[PDB]
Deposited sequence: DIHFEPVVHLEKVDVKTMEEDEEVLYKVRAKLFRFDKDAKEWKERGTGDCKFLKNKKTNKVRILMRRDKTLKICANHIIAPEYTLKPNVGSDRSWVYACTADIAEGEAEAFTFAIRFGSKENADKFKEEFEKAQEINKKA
């Protein structure tokens, strides 16, 4: 006699190509200054159906998205004058805050090595997205 026993991130279809801790800034053009957007893990995610690679970054603790955009082939990583461990680039369509919006981002890392590794991986992703 068997006794009767007692009674969605959207990231499930994606491969993590690369992950690194980072601080993200957005450039306020009007007031000519950089503003922090979030600190946390920056991931490169490859969609297993479309093979398209995006940047997805979430803030520590609250887990709120601070970057969500395709790593476009036409983007270019440029240095910031103040830093040897950061890149700046223009993004034409980021959907972190909802509607697609253009930004000038800067992303800073724990070290130059991390920044350099990121650049390499970034450019790898661009080639994937080209195919």
| property | result |
| --- | --- |
| Missing C-alpha runs, given along the deposited sequence, first residue counted as 1 | 1, 9-15, 140 |
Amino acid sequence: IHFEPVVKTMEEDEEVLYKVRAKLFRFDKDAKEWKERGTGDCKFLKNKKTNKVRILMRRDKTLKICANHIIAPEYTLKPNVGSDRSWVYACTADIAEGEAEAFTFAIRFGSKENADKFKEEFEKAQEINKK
From here on, numbers count along this sequence of modelled residues.
property: Stretch exceeding the other in mean C-alpha B-factor - 77-85, 44-52; result: 44-52
property: Between the two ranges 104-112 and 117-125, the one averaging a larger CA B factor in the entry; result: 117-125
property: Ranked against its chain, the third holding the CA B-factor of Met10; result: highest
property: Ranked against its chain, the third holding the CA B-factor of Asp94; result: middle
property: For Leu24, the third of its chain into which the C-alpha B factor falls; result: lowest
property: Position of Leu63 among the chain's modelled residues by C-alpha B-factor, lowest, middle or highest third; result: lowest
property: Chain thirds of CA B-factor: placement of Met57; result: lowest
